[PDB]
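Take a look at this single chain, the form deposited without guanosine-5'-diphosphate, given in structure tokens.
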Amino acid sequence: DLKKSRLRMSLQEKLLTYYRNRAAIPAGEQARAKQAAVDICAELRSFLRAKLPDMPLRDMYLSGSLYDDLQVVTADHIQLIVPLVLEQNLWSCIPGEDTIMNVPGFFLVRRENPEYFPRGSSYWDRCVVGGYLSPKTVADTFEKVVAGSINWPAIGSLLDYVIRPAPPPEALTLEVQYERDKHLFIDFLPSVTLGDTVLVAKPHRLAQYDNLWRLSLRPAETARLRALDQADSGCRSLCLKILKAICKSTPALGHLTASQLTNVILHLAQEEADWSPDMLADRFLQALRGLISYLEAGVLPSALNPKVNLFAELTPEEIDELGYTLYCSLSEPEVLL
């Protein structure tokens, strides 16, 4: 009990210290970064209204960890969802597992009734290839259309920001300098909502799959985390934020994603009911053990969508490094801090 109680007390203190000195983003930086996101969003709305009122798009809106207060270390990225207007009876969703490619968590969007509803029935028909709405082509078209009407230098002067598009292949990303030597990256994310299926143009790592839309998970995942914590004032999000801060701070663990780390916590929250403040140290080591377990198994099921392996996009190369890094730190987790 002595040695173990000891290790746990030390770790708890170091975990709590690590959160405040590394994971937590300064209020000033956080306020100004979000204000910059909101400024750009408002300005784009006015732009879309004046210049592209006939484009079948709903208004762009902000989404992401920075909006959910789950971002860590620095306020450096947020998404602007670009939601396409697609008529129900002209389009449908095909699950990736119901496809030859066989890719869970991704979808084909098929143009329906190509005869009865001829080409031109939707603006987005121009982005249809082989009968399917291409995420890539949609993204290229949106970039073209906006860039051919937008005036970032002018908007920058207005808001007193340095605003510039990043060079490809991150061309739907906006580099926003909202204060001296601090930048916010706003990436424009085309989205489709058909029925209750919400999809986003976040390409599969493999270009051979660039015609597939990704099933959007973050919102439902974020909501279940918050509800789990709100009911018992648990430290699920604190633990998550610490894990994110570590991976974002450690080059060798950079391959892990916020979504992957979130589902590790959601799986543990399924196993462990008690997330009272004093259990943080124990839940942290448990999260690290689970990480290793999933990595060795090569699969991490999505807690909300179990057919989906969230590690499916990691190469053997990266799996190896993650396991390696975590196997080098087993004896002394505090090293990760």
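The numbering used is simple: start at 1 and walk along the sequence shown.
Omitted from view is the form deposited with guanosine-5'-diphosphate bound, to which the following refers.
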property	result
guanosine-5'-diphosphate contact at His77 in the deposited bound form, heavy atom, 4.5 Å	yes
Partner proximity in the deposited bound form: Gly131 to guanosine-5'-diphosphate, non-hydrogen atom cutoff 4.5 Å	no
Contact test in the deposited bound form: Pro168 vs guanosine-5'-diphosphate, heavy atoms, 4.5 Å	no
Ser216: touches guanosine-5'-diphosphate in the deposited bound form, heavy atom cutoff 4.5 angstroms	yes
Contact residue in the deposited bound form, chosen from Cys93, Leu174, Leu228, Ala258 - any heavy atom within 4.5 Å of guanosine-5'-diphosphate	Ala258
The single option of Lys244, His183, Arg236, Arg111 touching guanosine-5'-diphosphate in the deposited bound form, heavy atom within 4.5 Å	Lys244
Residues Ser249, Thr325 and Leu330 all lining guanosine-5'-diphosphate in the deposited bound form, heavy atom within 4.5 Å	no
Residue stretch of 152-160, 69-77, 133-141, 117-125 approaching guanosine-5'-diphosphate in the deposited bound form, non-hydrogen atom distance within 4.5 Å	69-77
